[PDB]
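Note that we place each Cβ from the backbone using ideal geometry, even for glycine, and neighbour counts take in every protein chain shown. Here, each number is a calculation from the coordinates, and none is a lab measurement.
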Number of protein chains: 4
Amino acid sequence: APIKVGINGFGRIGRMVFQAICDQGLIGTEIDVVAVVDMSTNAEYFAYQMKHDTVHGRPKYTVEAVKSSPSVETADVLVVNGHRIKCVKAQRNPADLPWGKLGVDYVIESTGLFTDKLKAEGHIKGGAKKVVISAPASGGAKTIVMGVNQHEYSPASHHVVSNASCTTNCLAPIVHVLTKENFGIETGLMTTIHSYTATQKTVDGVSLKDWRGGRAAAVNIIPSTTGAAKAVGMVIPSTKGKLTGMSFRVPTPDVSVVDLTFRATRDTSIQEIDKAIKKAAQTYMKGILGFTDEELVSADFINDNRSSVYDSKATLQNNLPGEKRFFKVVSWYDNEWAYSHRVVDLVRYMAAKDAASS
Amino acid sequence: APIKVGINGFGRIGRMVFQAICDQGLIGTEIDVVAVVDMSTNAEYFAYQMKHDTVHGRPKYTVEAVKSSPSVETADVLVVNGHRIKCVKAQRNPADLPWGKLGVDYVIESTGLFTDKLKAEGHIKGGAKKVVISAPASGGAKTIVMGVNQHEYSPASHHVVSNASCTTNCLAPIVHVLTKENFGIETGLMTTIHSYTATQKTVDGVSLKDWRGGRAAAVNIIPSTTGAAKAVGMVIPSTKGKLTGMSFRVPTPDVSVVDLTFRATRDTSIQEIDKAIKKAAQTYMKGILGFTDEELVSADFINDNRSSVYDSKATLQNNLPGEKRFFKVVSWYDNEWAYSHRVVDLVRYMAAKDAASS
Amino acid sequence: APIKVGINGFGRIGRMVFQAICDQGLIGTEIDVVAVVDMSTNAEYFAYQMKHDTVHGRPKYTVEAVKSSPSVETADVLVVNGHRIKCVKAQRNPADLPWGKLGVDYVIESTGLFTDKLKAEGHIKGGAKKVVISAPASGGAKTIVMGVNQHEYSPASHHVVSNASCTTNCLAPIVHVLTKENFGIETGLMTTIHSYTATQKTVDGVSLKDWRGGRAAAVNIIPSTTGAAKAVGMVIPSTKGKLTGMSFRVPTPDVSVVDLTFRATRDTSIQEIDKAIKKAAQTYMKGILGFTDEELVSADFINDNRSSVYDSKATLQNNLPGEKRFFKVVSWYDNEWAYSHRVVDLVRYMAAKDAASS
Amino acid sequence: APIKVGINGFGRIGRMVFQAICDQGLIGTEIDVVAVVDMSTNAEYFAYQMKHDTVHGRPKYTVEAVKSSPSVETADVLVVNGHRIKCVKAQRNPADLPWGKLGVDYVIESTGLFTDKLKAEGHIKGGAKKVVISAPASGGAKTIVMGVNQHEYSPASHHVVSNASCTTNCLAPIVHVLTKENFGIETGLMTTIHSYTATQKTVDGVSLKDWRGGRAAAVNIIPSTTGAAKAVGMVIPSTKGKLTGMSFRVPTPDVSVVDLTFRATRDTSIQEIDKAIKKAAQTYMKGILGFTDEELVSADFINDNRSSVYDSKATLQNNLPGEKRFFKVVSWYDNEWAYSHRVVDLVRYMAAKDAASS
Ligand SMILES: NC(=O)c1ccc[n+]([C@@H]2O[C@H](COP(=O)([O-])OP(=O)(O)OC[C@H]3O[C@@H](n4cnc5c(N)ncnc54)[C@H](O)[C@@H]3O)[C@@H](O)[C@H]2O)c1
Ligand SMILES: NC(=O)c1ccc[n+]([C@@H]2O[C@H](COP(=O)([O-])OP(=O)(O)OC[C@H]3O[C@@H](n4cnc5c(N)ncnc54)[C@H](O)[C@@H]3O)[C@@H](O)[C@H]2O)c1
Ligand SMILES: NC(=O)c1ccc[n+]([C@@H]2O[C@H](COP(=O)([O-])OP(=O)(O)OC[C@H]3O[C@@H](n4cnc5c(N)ncnc54)[C@H](O)[C@@H]3O)[C@@H](O)[C@H]2O)c1
Ligand SMILES: NC(=O)c1ccc[n+]([C@@H]2O[C@H](COP(=O)([O-])OP(=O)(O)OC[C@H]3O[C@@H](n4cnc5c(N)ncnc54)[C@H](O)[C@@H]3O)[C@@H](O)[C@H]2O)c1
């Protein structure tokens, strides 16, 4: 049973979803990537985009750009590891995409334009059974963070699911062991020192909706907002209105770090917390939550696919010496990598439960 | 008589041309900026963008944002030292712009989207008399570099003119005094090590016309094409087919350097060349061509309004010892600031020549 | 009566303390900078460093390099605006410095090698009557943040004064009015997102005492320690053991931002806190604390000489909506420029007190 | 029969040479690394430097740090792949290093300090049989570029050998096929847009020998000099007084590119030169000279061990269309990694020739 997926928007996350599908062994055997969609249908230019990444390197798979038939002027079929993917043209409305016809059942929505559960339904109107939004979703969609609440999915009810944001996926696992191990956050504020993204600008330009976010990106520390402010309360309803935060966008191109400051419900210590987070990383959060005892800096997490990886030393040293309630917890994440692995983990969970019931 | 100008595209070059008008003492008196055009009309946002620049800092003029009538919702008039500039909404076609209505005669075309003579003429159809494309132009518009061939301008024939590009305004001064002082160039190639611009990308992205241009801009040395390649031959026909070159877009926000390598027409020396450039700096090319004897790096050329500023020490330490024909000439330039100043000098030179005749 | 000073270690803080002295209009008239001490005595090189700064531009003063005698090989005296500062060679011990000879009474200890009280007394034995260390000090030196506790300085008891770090001169204003306006801080942790310094490395290199800190500076978010972790308790005895923090060094050359997360003593609001700080900013903290109501990023604080300028918007927008105990204060600072001005303002304060008593 | 080698200065080149020895299969069987030398004897700090590199990522090999006796305070032995390397304490004179005692015959000198052939013999007085200087040398040390002139090595008389610089290793292959294939280079001039290195400064600071080299590294285009200005004439004497160049140090942490403008000795075409370089890349320069047909940028050459990998499209698109003599040739290089592999290549060659005769 090849899960038939199509990628709408072959950008940073689209191309890293694609690469997490090939690197993890699933192309053409477990998941069938039927088609990819973006502005051009020049498969040679997509191959160029895949083969050479500034931040994550050359990939291990191989890519060819072949035509479907010599009647077409430019290569339109991509051939990865002998698997053929089709380069479909970008549609302004989700519904004008031929999903049903190409036989695509699960569509990964990663353009960034269709974050509303209502516009994303246009995929299903085009023929898709399910939709995963690689972002926070507005308008009613289900937001799941793997390792914390993927089980609340239901094939029957949830058809446009959302995998939250990179920072949610990092914060929430931290929050989830704090509650489940019962330290509890009474209240919590959080900062994500975060790499710049494709929504920012090389030099000072136009950004109407966030004035600061239009400042030259690679030469300014830019205050702005994070997506995990809302979404962690959505995933864990016990933190609704207990926790919020901001974002500082600094001049690195990938990897970010969460910096959570909370107050505990019961009296505890940072040694108890560090123990429970390591334990959790080895037992029930394994693969999603990780930890590190080394003096790592940010470029040591490029290509690290844990959702969140707790920094044991930066935490243990930077807390109040005899504290029972006021705690800092530092944790890292490759905002482009681990998040692209979680999208594929979610597709496959959903396909499993969709077959499990119908 | 105030020159009635309208800036279409209030971006890096739009806002720097504006500020140059204020810093030189022309607003309201010598130059009247009737209107500016961009993706919004919210003048409180153009205020912010004028008041805070990452590279060139805070401006000396004062900016206020007020509403034109109490009927409007967001402040839509700019007021720069008690002079009113209007914030007109952007139009997809130049012909649709109310230029004759607003009373604008000269339009500075700096959107980047209308570098063709004919899409630029839509301005004259919208009620403008003359257009200055802040870029090189296709379709056949007049290309004039100030200090070299601005005298070639005719009020009768040149309605869409072009002030070439930043690199062309840096290299043609140098090429000009080499041809005029009789050293001559037999053939020559050129390289601009240049700052990234707003067409480049924060993280690797789409740029289907120059594939390399699409790669993360601030973490890479990106080879690409320079404007001064086509344009130095248009300005000096003597260099047609004898001079071409490339760009290496490097991770700095502003200022670029030209690295000219040429073979001279007669047997000379680099000290003869160094003295002639210094001479031409102090005599005929003043304010256009400049020079330095100091050990400077790119940050020192921020806000240097010279088109070309020769580096006497880098040229001299990095040429062959007793050479008569093969030489290197190095020359800096603030690609944002000096080019903007030269646009204002062109507007003013055209507007005076037009009055002197009609 | 010119306050006889000499600067030991003319680097970033040494040249910004020097430009602060000249710019405020003090050189020659109120402060006589007798000598500057560094690894060289080539006043031509020192003058290359003064005239061109990558982050703070061309200074307002003029620097000339003169020979004291034609008997010396290279220029060894700096003539800044007609005034003569001598270039004395750098000694490995403060003690062997000719202070008593040169006439120097106040020494600004900005090498960063003699931060302990006792190696700092090495200047006094050698002739200086007073010493200001541009850094937190060990061995029991008096730590003073201007505008918070300079009233505690006594000419009799305190000869080796510490002006604390740049982050404590940013954090200590805000903790001072938070206690003075009785909100009070129960406990609190802080993070500074901070620009890389002279003590960091261009590529991965050696740093034996903090491992992460030797990593490539300009391409990593390097977690580390801050100086305000100790210093704010030395200055504000109330905060002894209630507040600590950490630093994240990010890829910008200058300007940083504190981000304090505290739990207040009483029940309050962020609009209450917002008013209390702004008020304080206009009244008793005017010149030390500042605020902004604008959407500014880090490069808008280059050359802002307030110790701490509070960002009203980023705070109000990024706090929990109806909270009474748990808050986040965000505040900027130009760690090179603001600090240096406090140095010149401590010399000036201490000096007159000494002249008041003896 | 292992070659016994010691590395003095375990910095960027020392650690990359170490990693090229383990990568190429050579550690413990073909080359035995008896000792590494740097500021510390802390095996743990060395292991942290080896395992986490910002640019070249995690090494494939495994590093442990053990104590050589129960008596030593801190781990002083590395155990890379079961092979034990000693951590010898850094010395001020090469001669005070225990090479004969340890049993070291070949010494990779890579501190950046002992670049004089006389200072370098200190190693042979310390007990070593040969010295390789990872940098151009003075005082008459024989200079070799692998792939161009290592056949000029005489076991007999060449004792302290210099492997030239990274730019001579890129430049000399190109210059070598142009003279061997009989295009010739009459006079030539080059420029290398180049990543910053460890001799540079994060923020503006001290640099007495090159004034510009002290300016903040990651925020300027810094003109400077190159090592291949001297060394290529020494490897290829045909080109002494005929070829020279300069350097621009830009904000990338690794990879650099050679922009070479030369005039041929005979009428030829850029198409012809392009074929010759590809041909050479495939036959006698293989593994040393490569080429690319792709639209690559600097980051695509990280971990590319060819010494000089020619850009076919950048060279072909940026030359004069009718030219027969005056050309531009562009070739890339990972200045840390390819040079490191070549140092191992020379040590290996040298050692086999020395065995062959004695
Ligand atoms: N960048 C990150 O680190 C990151 C992390 C987590 C989640 N995400 C989320 O994923 C989404 C996409 O982010 P990204 O960083 O990949 O951006 P991106 O711009 O690099 O990629 C988006 C791609 O969508 C394409 N596209 C736009 N409109 C399209 C359309 N109508 N039809 C087809 N293709 C279209 C664009 O050309 C682009 O290639 C965003 O919602 C973002 O929040 C990004
Ligand atoms: N920045 C430089 O280094 C530089 C130097 C020399 C010449 N130029 C030339 O100037 C032109 C603009 O360059 P820039 O660097 O200012 O870019 P920019 O993107 O900062 O500015 C262009 C502005 O035009 C606006 N715009 C887009 N469409 C518009 C429309 N239809 N109507 C009105 N406004 C519109 C954009 O929002 C933007 O603010 C380019 O063609 C470039 O070649 C730029
Ligand atoms: N840069 C900042 O943001 C900042 C802010 C606040 C305080 N400081 C502090 O000020 C001190 C200097 O820091 P910096 O950033 O200016 O560093 P820097 O390295 O630029 O300045 C140090 C200067 O001292 C010189 N020097 C070294 N040894 C000397 C000696 N023995 N005698 C005389 N001069 C000597 C160096 O050549 C250099 O010019 C440090 O203690 C630092 O903590 C720096
Ligand atoms: N990195 C490049 O791009 C490159 C390319 C070609 C050649 N090289 C040459 O390599 C040499 C070293 O440069 P690098 O880039 O490795 O710099 P680096 O500063 O990273 O390495 C030098 C190492 O030597 C150590 N060291 C200093 N003094 C020592 C001493 N007295 N004894 C023993 N070890 C000592 C330092 O701790 C440092 O780790 C230079 O001569 C350079 O020109 C570098």
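Counting Cβ atoms of other protein chains within 10 Å of each residue's Cβ and taking the mean over peptide A:40-50 gives 2.
For the listed residue pairs C:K117/C:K240; D:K51/D:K142; C:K230/D:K51; A:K242/C:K313, the alpha carbons are over 25 angstrom apart in D:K51/D:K142; C:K230/D:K51. Highest mean first, the peptides C:57-69, A:107-119, B:212-224 sorted by other C-beta atoms within 10 Å per residue fall in the order B:212-224, A:107-119, C:57-69. Among A:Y106, A:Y310, sorting on how many other beta-carbon atoms sit within 10 Å of each Cβ, with the fewest leading, yields A:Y106, A:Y310. Shielding of peptide D:199-210 by partners, expressed as the average count of other chain Cβ atoms within 10 Å per residue Cβ, is 6. From most to least packed by mean Cβ count within 10 Å, the peptides D:183-189, B:319-325 give D:183-189, B:319-325.
According to the square roots a ≥ b ≥ c of the eigenvalues of the Cα gyration tensor, what is the shape class of the stretch C:88-208, taking rounded for a/c under 1.5, prolate for a/b larger than b/c otherwise, and oblate for the remainder? Oblate, since a/c reaches 1.5 and b/c is not below a/b. Along the axis of the charge dipole computed for chain D (Cβ charges of +1 for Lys and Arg, -1 for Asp and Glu, origin at the Cα centre), the listed residues D:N8, D:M50, D:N318 are led at the positive end by D:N8. Peptides D:293-305, A:272-284 ranked from most to least packed by the mean count of surrounding Cβ atoms within 10 Å: D:293-305, A:272-284. Taking Cα centre as origin and charging only the Cβ of basic (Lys, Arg, +1) and acidic (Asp, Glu, -1) residues, the dipole magnitude of the protein assembly as shown rounds to 40 debye. Considering only Cα atoms, the convex hull volume of the stretch C:165-335 works out to 108 Å³ per residue. For the residues of D:298-305, the average number of beta carbons from a partner chain within 10 Å of their own beta carbon is 5. Copy-to-copy label distances for B:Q271, where each label lies 7 Å from Cα along Cα-to-Cβ, are 4.5, 7.6, 7.7 nm in order of increasing length. Spin-label pair A:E30-C:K279: with each label point 7 Å from Cα along the Cα-Cβ axis, the two points sit 6.2 nm from one another. Normalising the average separation of contacting C-alpha pairs (under 8 angstrom, six or more residues apart) by the number of residues puts the relative contact order of chain A at 15 percent. Just going by the charge dipole of the stretch C:233-334, with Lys and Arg at +1 and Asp and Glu at -1 on Cβ, which of C:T268, C:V258, C:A281 is farthest out on the positive end? The one lying farthest along the dipole's positive direction is C:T268. Can you tell which of C:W211, C:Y196, C:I221 lies farthest toward the positive end of the dipole of the stretch C:165-335, using +1 and -1 charges on the Cβ of basic and acidic side chains (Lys, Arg; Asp, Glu)? My answer, from the dipole projection, is C:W211.
Computed over chain C with a Gaussian network model linking Cα atoms closer than 10 Å, the most mobile of C:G245, C:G103, C:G127 is C:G103.
Straight-distance candidates among the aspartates and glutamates for linking to B:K130, with alpha-carbon spacing under 20 Å and chain neighbours fewer than 8 residues away dropped: B:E30, B:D32, B:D38, B:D96, B:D105, B:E109, B:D116, B:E121, B:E152, B:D345, B:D354.
Each Cα pair under 8 Å and six or more residues apart adds its separation to the average, and for the stretch B:165-335 the resulting relative contact order is 28 percent. When Rg and the Kirkwood Rh are both derived from Cα coordinates, the Rg/Rh ratio for the protein assembly as shown amounts to 0.95. When the Gaussian network model of chain C links Cα atoms closer than 10 Å, the mean-square fluctuations of C:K142, C:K130, C:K180 top out at C:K180. Where in chain C are the helices, taken as whole DSSP H runs, whose Cα atoms extend 20 angstrom or more along the long axis and whose Kyte-Doolittle mean reaches at least -0.5? The answer, listed by residue number, is C:337-356.
Placing one equal scatterer on every Cα of chain B and applying the Debye formula, the log10 ratio I(q)/I(0) at q = 0.07 Å⁻¹ is -0.30.
A helix-only calculation puts the protein assembly as shown at -8000 deg cm²/dmol for mean residue ellipticity at 222 nm, using -39500 (n - 2.57) for each DSSP H run of at least four residues, averaged over all residues.
Counting neighbouring Cβ atoms within 10 Å and putting the fewest first, the residues A:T315, A:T29, A:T74 line up as A:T29, A:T74, A:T315.
Starting from the label point of B:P321 at 7 Å along Cα→Cβ, the same points in the other copies fall at 4.1, 6.7, 7.8 nm, in ascending order.
For B:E73, the label point sits 7 Å beyond Cα toward Cβ; its separations from the matching points on the remaining copies run 4.1, 7.1, 7.3 nm, from shortest to longest. As a length-normalised measure over Cα pairs under 8 Å and 6 or more apart, the relative contact order of the stretch A:58-198 settles at 15 percent.
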